[PDB]
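Novice: Take a look at work-v1.tsv, TSV, C-alpha atoms:
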chain	number	residue	atom	x	y	z
A	1	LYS	CA	-46.28	11.82	-12.76
A	2	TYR	CA	-46.70	10.70	-16.37
A	3	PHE	CA	-49.68	12.46	-17.96
A	4	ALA	CA	-49.57	10.11	-20.92
A	5	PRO	CA	-50.74	10.75	-24.50
A	6	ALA	CA	-54.11	9.52	-25.73
A	7	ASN	CA	-54.69	5.75	-25.82
A	8	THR	CA	-51.33	4.95	-24.21
A	9	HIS	CA	-52.78	3.00	-21.27
A	10	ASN	CA	-56.36	1.81	-20.76
A	11	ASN	CA	-57.62	4.27	-23.40
A	12	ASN	CA	-56.47	7.24	-21.34
A	13	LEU	CA	-57.34	10.73	-22.55
A	14	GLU	CA	-54.63	13.13	-23.64
A	15	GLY	CA	-52.64	14.14	-20.58
A	16	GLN	CA	-54.30	11.62	-18.26
A	17	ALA	CA	-52.28	10.05	-15.44
A	18	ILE	CA	-51.74	6.34	-16.06
A	19	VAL	CA	-50.27	3.37	-14.20
A	20	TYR	CA	-46.59	2.98	-15.17
A	21	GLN	CA	-44.59	0.58	-12.98
A	22	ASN	CA	-40.99	-0.65	-13.26
A	23	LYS	CA	-40.17	0.48	-16.79
A	24	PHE	CA	-38.28	3.08	-18.79
A	25	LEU	CA	-39.89	5.89	-20.77
A	26	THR	CA	-38.25	8.07	-23.42
A	27	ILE	CA	-39.87	11.40	-24.30
A	28	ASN	CA	-38.11	13.76	-26.73
A	29	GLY	CA	-34.86	11.90	-26.09
A	30	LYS	CA	-35.15	12.44	-22.33
A	31	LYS	CA	-35.24	9.24	-20.29
A	32	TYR	CA	-37.08	8.39	-17.09
A	33	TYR	CA	-37.60	5.22	-15.10
A	34	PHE	CA	-40.74	4.57	-13.06
A	35	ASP	CA	-41.01	2.53	-9.89
A	36	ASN	CA	-43.96	0.40	-8.79
A	37	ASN	CA	-45.97	3.43	-7.60
A	38	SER	CA	-46.11	5.04	-11.07
A	39	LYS	CA	-43.69	7.65	-9.69
A	40	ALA	CA	-40.66	8.86	-11.61
A	41	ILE	CA	-37.66	8.00	-9.46
A	42	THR	CA	-34.82	10.39	-8.64
A	43	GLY	CA	-31.26	10.34	-7.29
A	44	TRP	CA	-28.65	7.63	-7.69
A	45	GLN	CA	-30.32	4.51	-9.06
A	46	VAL	CA	-29.28	1.08	-10.30
A	47	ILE	CA	-31.50	-0.59	-12.91
A	48	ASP	CA	-30.63	-3.77	-14.84
A	49	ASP	CA	-27.15	-3.74	-13.28
A	50	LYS	CA	-26.55	-0.27	-14.80
A	51	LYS	CA	-26.02	2.91	-12.81
A	52	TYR	CA	-28.07	6.03	-13.57
A	53	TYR	CA	-28.36	9.44	-11.92
A	54	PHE	CA	-31.80	11.06	-12.18
A	55	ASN	CA	-31.79	14.81	-11.48
A	56	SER	CA	-33.54	15.73	-8.23
A	57	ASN	CA	-35.57	18.49	-9.95
A	58	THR	CA	-36.34	16.94	-13.34
A	59	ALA	CA	-36.00	13.17	-12.73
A	60	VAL	CA	-34.37	13.14	-16.18
A	61	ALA	CA	-31.56	10.70	-16.99
A	62	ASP	CA	-28.52	12.96	-16.96
A	63	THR	CA	-26.22	11.71	-19.71
A	64	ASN	CA	-22.86	13.49	-19.94
A	65	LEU	CA	-19.86	14.76	-17.99
A	66	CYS	CA	-21.67	16.25	-15.01
A	67	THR	CA	-20.57	17.32	-11.54
A	68	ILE	CA	-22.02	15.74	-8.39
A	69	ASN	CA	-20.87	16.73	-4.89
A	70	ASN	CA	-17.90	18.58	-6.42
A	71	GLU	CA	-16.82	15.35	-8.16
A	72	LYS	CA	-17.12	14.79	-11.90
A	73	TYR	CA	-18.78	11.76	-13.47
A	74	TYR	CA	-19.24	10.75	-17.12
A	75	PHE	CA	-22.57	9.24	-18.16
A	76	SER	CA	-22.75	7.90	-21.72
A	77	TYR	CA	-25.09	9.20	-24.42
A	78	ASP	CA	-28.02	7.22	-22.96
A	79	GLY	CA	-27.35	7.78	-19.25
A	80	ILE	CA	-25.41	4.68	-18.21
A	81	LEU	CA	-22.43	5.42	-15.98
A	82	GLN	CA	-19.22	4.41	-17.76
A	83	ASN	CA	-15.69	4.27	-16.39
A	84	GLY	CA	-12.14	3.96	-17.65
A	85	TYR	CA	-10.08	6.07	-20.06
A	86	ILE	CA	-12.19	8.79	-21.66
A	87	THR	CA	-11.23	11.69	-23.94
A	88	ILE	CA	-13.04	15.04	-23.57
A	89	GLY	CA	-12.11	17.69	-26.11
A	90	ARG	CA	-8.34	17.27	-26.30
A	91	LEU	CA	-7.91	16.33	-22.64
A	92	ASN	CA	-7.72	12.78	-21.34
A	93	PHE	CA	-9.40	11.75	-18.11
A	94	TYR	CA	-9.47	8.57	-16.06
A	95	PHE	CA	-12.38	7.20	-14.03
A	96	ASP	CA	-11.52	4.36	-11.64
A	97	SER	CA	-14.02	1.55	-12.19
A	98	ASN	CA	-13.69	0.54	-8.53
A	99	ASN	CA	-14.31	4.02	-7.07
A	100	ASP	CA	-17.92	4.72	-8.12
A	101	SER	CA	-16.40	5.80	-11.46
A	102	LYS	CA	-15.43	9.02	-9.68
A	103	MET	CA	-12.84	11.11	-11.48
A	104	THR	CA	-9.42	10.34	-10.00
A	105	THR	CA	-5.80	11.37	-10.55
A	106	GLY	CA	-2.67	9.24	-10.67
A	107	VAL	CA	-0.79	7.04	-13.10
A	108	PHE	CA	-2.98	4.79	-15.25
A	109	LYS	CA	-2.74	2.82	-18.48
A	110	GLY	CA	-4.20	4.56	-21.49
A	111	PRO	CA	-3.86	3.21	-25.02
A	112	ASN	CA	-0.13	4.00	-25.28
A	113	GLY	CA	0.88	2.93	-21.77
A	114	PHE	CA	0.81	4.47	-18.34
A	115	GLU	CA	0.17	8.22	-18.16
A	116	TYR	CA	0.14	10.81	-15.38
A	117	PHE	CA	-3.35	12.25	-14.89
A	118	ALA	CA	-2.30	15.05	-12.61
A	119	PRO	CA	-4.25	17.12	-10.06
A	120	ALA	CA	-4.86	20.80	-10.76
A	121	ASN	CA	-1.96	23.27	-10.96
A	122	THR	CA	0.71	20.57	-11.23
A	123	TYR	CA	4.18	20.83	-12.87
A	124	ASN	CA	2.78	22.32	-16.11
A	125	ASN	CA	-0.96	21.55	-15.94
A	126	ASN	CA	-3.73	23.47	-14.16
A	127	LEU	CA	-6.65	21.15	-15.05
A	128	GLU	CA	-7.37	18.29	-12.66
A	129	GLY	CA	-7.40	14.79	-14.13
A	130	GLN	CA	-5.72	15.88	-17.36
A	131	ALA	CA	-2.76	13.98	-18.77
A	132	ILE	CA	0.39	16.09	-18.39
A	133	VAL	CA	3.76	15.67	-20.13
A	134	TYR	CA	6.13	14.12	-17.57
A	135	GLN	CA	9.39	13.68	-19.50
A	136	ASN	CA	12.33	11.79	-17.98
A	137	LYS	CA	11.34	12.41	-14.35
A	138	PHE	CA	10.41	10.43	-11.26
A	139	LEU	CA	7.06	10.88	-9.52
A	140	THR	CA	5.96	9.76	-6.05
A	141	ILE	CA	2.23	9.61	-5.27
A	142	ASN	CA	1.19	8.51	-1.75
A	143	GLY	CA	4.56	6.78	-1.43
A	144	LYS	CA	4.35	4.83	-4.70
A	145	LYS	CA	7.23	5.74	-7.00
A	146	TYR	CA	7.25	5.71	-10.81
A	147	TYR	CA	9.54	6.91	-13.58
A	148	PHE	CA	8.53	8.31	-16.95
A	149	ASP	CA	10.35	8.52	-20.28
A	150	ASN	CA	10.37	11.13	-23.05
A	151	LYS	CA	6.92	9.85	-24.12
A	152	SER	CA	5.38	10.58	-20.69
A	153	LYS	CA	4.93	6.84	-20.21
A	154	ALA	CA	5.86	4.69	-17.24
A	155	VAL	CA	8.09	1.57	-17.46
A	156	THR	CA	8.80	-1.78	-15.57
A	157	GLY	CA	11.88	-4.04	-14.78
A	158	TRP	CA	15.50	-3.01	-14.18
A	159	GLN	CA	16.62	0.63	-14.37
A	160	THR	CA	19.82	2.50	-13.52
A	161	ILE	CA	19.10	6.01	-12.20
A	162	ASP	CA	21.92	8.33	-11.10
A	163	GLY	CA	24.23	5.32	-10.89
A	164	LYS	CA	21.79	3.39	-8.67
A	165	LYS	CA	19.97	0.26	-9.84
A	166	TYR	CA	16.21	-0.01	-9.33
A	167	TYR	CA	13.60	-2.62	-10.25
A	168	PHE	CA	10.03	-1.66	-11.18
A	169	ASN	CA	7.20	-4.18	-11.50
A	170	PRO	CA	6.27	-4.63	-15.19
A	171	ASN	CA	2.58	-5.09	-14.31
A	172	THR	CA	2.34	-2.09	-11.95
A	173	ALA	CA	5.56	-0.03	-12.36
A	174	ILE	CA	6.02	-0.01	-8.57
A	175	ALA	CA	9.61	0.18	-7.35
A	176	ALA	CA	10.79	-3.03	-5.71
A	177	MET	CA	11.31	-2.92	-1.95
A	178	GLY	CA	12.64	-5.47	0.50
A	179	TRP	CA	13.28	-9.09	-0.40
A	180	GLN	CA	12.22	-9.87	-3.97
A	181	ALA	CA	12.53	-12.91	-6.25
A	182	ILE	CA	13.07	-11.95	-9.90
A	183	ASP	CA	13.55	-14.68	-12.52
A	184	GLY	CA	14.43	-17.14	-9.77
A	185	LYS	CA	17.09	-14.83	-8.27
A	186	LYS	CA	16.84	-13.22	-4.84
A	187	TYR	CA	17.44	-9.48	-4.47
A	188	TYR	CA	17.09	-7.15	-1.49
A	189	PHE	CA	15.97	-3.57	-2.10
A	190	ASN	CA	16.24	-0.87	0.54
A	191	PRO	CA	12.71	-0.28	1.94
A	192	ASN	CA	13.26	3.49	2.14
A	193	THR	CA	15.21	4.23	-1.07
A	194	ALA	CA	14.32	1.10	-3.09
A	195	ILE	CA	17.99	0.84	-4.10
A	196	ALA	CA	19.26	-2.68	-4.76
A	197	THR	CA	21.73	-3.68	-2.06
A	198	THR	CA	25.27	-4.77	-2.94
A	199	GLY	CA	28.13	-6.30	-1.00
A	200	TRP	CA	27.94	-7.38	2.62
A	201	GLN	CA	24.69	-6.48	4.38
A	202	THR	CA	23.15	-7.24	7.79
A	203	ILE	CA	19.36	-7.70	7.64
A	204	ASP	CA	17.31	-8.69	10.70
A	205	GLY	CA	20.55	-9.56	12.48
A	206	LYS	CA	21.65	-11.96	9.72
A	207	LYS	CA	24.63	-11.32	7.44
A	208	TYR	CA	24.14	-11.46	3.67
A	209	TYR	CA	26.43	-10.94	0.68
A	210	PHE	CA	25.15	-9.46	-2.59
A	211	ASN	CA	27.16	-9.57	-5.81
A	212	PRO	CA	28.53	-6.05	-6.46
A	213	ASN	CA	27.93	-6.36	-10.22
A	214	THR	CA	24.61	-8.26	-10.32
A	215	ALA	CA	23.32	-7.65	-6.75
A	216	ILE	CA	22.25	-11.31	-6.62
A	217	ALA	CA	22.05	-12.75	-3.12
A	218	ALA	CA	24.99	-15.07	-2.49
A	219	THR	CA	24.15	-18.77	-2.22
A	220	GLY	CA	26.28	-21.85	-1.68
A	221	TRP	CA	30.05	-21.81	-1.46
A	222	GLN	CA	31.50	-18.39	-2.29
A	223	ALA	CA	35.06	-17.04	-2.36
A	224	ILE	CA	35.22	-13.37	-1.34
A	225	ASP	CA	38.49	-11.46	-0.93
A	226	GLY	CA	40.42	-14.71	-0.69
A	227	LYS	CA	38.10	-16.13	1.99
A	228	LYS	CA	35.55	-18.93	1.56
Render the structure in this file as structure tokens.
Specialist:
Amino acid sequence: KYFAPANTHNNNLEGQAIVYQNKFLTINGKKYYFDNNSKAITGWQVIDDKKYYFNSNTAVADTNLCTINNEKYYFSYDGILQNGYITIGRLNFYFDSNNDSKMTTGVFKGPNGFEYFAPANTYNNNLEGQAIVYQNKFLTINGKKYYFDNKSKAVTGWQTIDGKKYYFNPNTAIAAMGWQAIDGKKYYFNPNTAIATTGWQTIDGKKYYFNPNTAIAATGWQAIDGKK
């Protein structure tokens, strides 16, 4: 309850309880929001299309990197829940906007491209969510494959790895699988290995020929090994 200062509401005395419905109140930089019953609300709340988390013991607008149910969140200086790419100290963290802004791990686009925010105790990193240096390696997360360069950044398009050609989506860096149309040309990528198919191939009981050099699906009249 808000034992308001003198003359705040209906000439209330110092420390008198007043009617305070559906409005914010800032006291010594601490924020509260009151519902229609002149009660300070608590818990997860949404006001003016903005998400707040009022502590269950203080009803104060928690405004910083703070753990909830063993999951970190980042509330901005004035309480509002914010999501995206966020730097803390010298460590970068990502908060999926679609996942209640909950701290996640994966590969996500920061200012210089896609980065690997790894779980705890990964290849060289023990802090969960932190960007780790993944230089010139492949990574598979829940089946999705990516490759990273010397800048620990993902890529997209055509790539030759260990003598095998792969195609990664420029917009998502996901390895191509199955039938794909790239720049008007049809290519078939192995569903399991994502390797572009070359030469004669039998798919779904139908024979196909892929150019050994370009892997482009054969169309129209074609002369192969002296046969049309």
Novice: Which value, in Å to one decimal, gives the distance between atom CA of residue 202 of chain A and atom CA of residue 180 of chain A?
Specialist: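 Here the two named atoms are 16.3 Å from each other.
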Novice: Within 6 Å of segment 167-177 of chain A, counting all atoms listed in the file, which residues qualify if same-chain residues fewer than 4 places away don't, as number ranges by chain?
Specialist: A: 155-158, 189-191, 194
Novice: For segment 14-18 of chain A, list every protein, DNA or RNA residue within 12 Å, evaluated using all atoms listed in the file, and leave out those in the same chain fewer than 6 positions away; present the list as a list in words.
Specialist: residues 1, 2, 3, 4, 5, 6, 7, 8, 34, 37, 38 and 39 of chain A
Novice: What's the separation between atom CA of residue 30 of chain A and atom CA of residue 59 of chain A, in Å to one decimal place?
Specialist: 9.7 Å
Novice: For each of A:139, A:68, A:196, A:223, take the minimum atom-to-atom distance to residue 210 of chain A, counting only C-alpha atoms, then give the residue where this is smallest.
Specialist: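 With only C-alpha atoms as the atom set, the closest residue is A:196.
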Novice: For a quick check of your reading of the model, name the residues lying within 6 Å of the coordinate (-9.6, 4.3, -19.1), counting all atoms listed in the file, and write them as an MDAnalysis selection string.
Specialist: chainID A and resid 84:86 94 110
